[PDB]
Amino acid sequence: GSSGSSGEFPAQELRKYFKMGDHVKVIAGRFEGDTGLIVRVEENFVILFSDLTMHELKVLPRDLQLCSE
C-alpha cells in the first residue's frame, strides 16, 4: 500500500485495558501532563513512548488514561 494513516484493521477491539498501539495520557505521577503511545505493557506498569522527549516513560496504569476510548 501507499503512505497513509488508515491501515488494514478489520478488527476493532475497543478495550479500556491499555494495550500496545493505543495512545494514552498522563493525568498523575511524575509525568502529569505528558502523553504518548503504548510500546510495552506489564502486569505492574505500562511503558509508553513519548513524542516530546522521544523516550520511553515508565508509569502505572492507575495514573494514565486512553484517548480514543
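The scheme used for residues numbers each chain from 1 in its written sequence order. That scheme is not guaranteed to match the entry numbering, and residues without coordinates are omitted from view. Calculation of side-chain values draws on the structure's entire complement of heavy atoms; hydrogens and water are dropped beforehand.

Per the PDB record, this model was obtained through solution NMR.

Trainee: Please set out the side chain of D63 residue by residue, giving values where relevant.
Mentor: Counting from the N terminus, the helices are the DSSP runs of H or I reaching at least four residues and the strands are the DSSP runs of E reaching at least two. Here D63 lies in the loop between β4 (56-59) and β5 (64-66). Throughout this description, buried means an accessible area under 20% of the type-specific maximum (1.4 Å probe, protein chains only), exposed means over 50%, and partly exposed covers the range between. Charged residues are defined narrowly, with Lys and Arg counted positive, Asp and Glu counted negative, and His plus the chain ends left uncounted. Think of a salt bridge as a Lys or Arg side-chain nitrogen and an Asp or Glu carboxyl oxygen that are within 4 Å of each other. An unpaired buried charge is present at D63: no salt bridge exists, and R62, the closest side chain of opposite charge, is 5.1 Å distant. Residue contacts follow a heavy-atom distance rule, with two residues in contact if any of their heavy atoms lie within 4.5 Å. Aside from chain neighbours lying at most four places away, what touches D63 is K25, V26, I27, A28 and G29.

Trainee: Summarise the packing of aromatic side chains; cite the residues concerned and give the values.
Mentor: When two rings of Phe, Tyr or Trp (its six-membered ring) have centres within 6.5 Å they constitute a pair, described as stacked for plane angles under 30 degrees, edge-to-face for angles over 60, and tilted for the intermediate range. Under the definition given, this model contains zero aromatic pairs. The residue whose ring lies beneath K58 is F45, and the NZ or CZ to ring-centre distance is 4.2 Å. By definition here, charges over rings are those cases where NZ of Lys or CZ of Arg is within 6 Å of the ring centre and within 35 degrees of the ring normal.

Trainee: Residues and numbers for the nonpolar core, please.
Mentor: Buried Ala, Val, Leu, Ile, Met, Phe, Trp, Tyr and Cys residues form a nonpolar core when they are joined through side-chain atoms within 4.5 Å. With 10 residues, the main nonpolar core is built from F18, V24, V26, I38, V46, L48, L57, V59, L64 and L66. Secondary-structure elements contributing two or more residues to this core are β1 (23-26), β3 (46-50), β4 and β5. Contact partners of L64, with chain neighbours within four places excluded, come to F18, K25, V26, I27, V46 and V59.

Trainee: Describe a nonpolar patch on the surface, naming the residues involved and giving the relevant values.
Mentor: Taken together, the side chains of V39, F49 and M54 define a hydrophobic patch exposed on the protein surface, amounting to about 280 Å² of accessible area. The topology assignment puts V39 in strand β2 (residues 35-41). Relative accessible area serves as the criterion here: at 39%, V39 is assigned to the partly exposed category. Here a patch means residues that are over 30% exposed by relative accessible area and free of salt bridges, tied together within 9 Å if like-charged and within 5 Å if nonpolar (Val, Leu, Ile, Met, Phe, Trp, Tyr). The Shrake-Rupley method, run with a 1.4 Å probe sphere, supplies the accessible areas, and residue values consider only the shown protein chains as cover.

Trainee: Hey, could you go over the environment of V46 for me, with residue numbers and the actual values?
Mentor: Position of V46 among the secondary structure elements: in strand β3. With 33 residues separating them along the chain, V46 and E13 place their C-alpha atoms 19 Å apart. In contact with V46, other than residues within four places in its own chain, are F18, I38, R40, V41, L57, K58, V59, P61 and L64.

Trainee: Outline the sheet that holds β1, listing residues and values.
Mentor: Hydrogen bonds between backbone groups are what pair the strands of a sheet, and the pairing can be parallel or antiparallel. Taken together, five strands build an open sheet; the order of strands is β4-β3-β2-β1-β5 and the sheet is antiparallel. Whereas interior strands pair on both sides, the edge strands pair on one side only; in this sheet they are β4 and β5. Between one strand and the next, the sheet's axes are offset by a mean angle of 45°, whatever the strand orientation. Note: two strands are recorded as paired if DSSP finds a minimum of 2 bridges between them. The sheet contact formed by β1 and β2 spans three bridges and is antiparallel. Directly across from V24, in β2, lies its bridge partner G36. Axis lines are fitted to C-alpha atoms, over the contacting stretch for helices. Their N-to-C directions set the angle, which ranges from 0 to 180 degrees.

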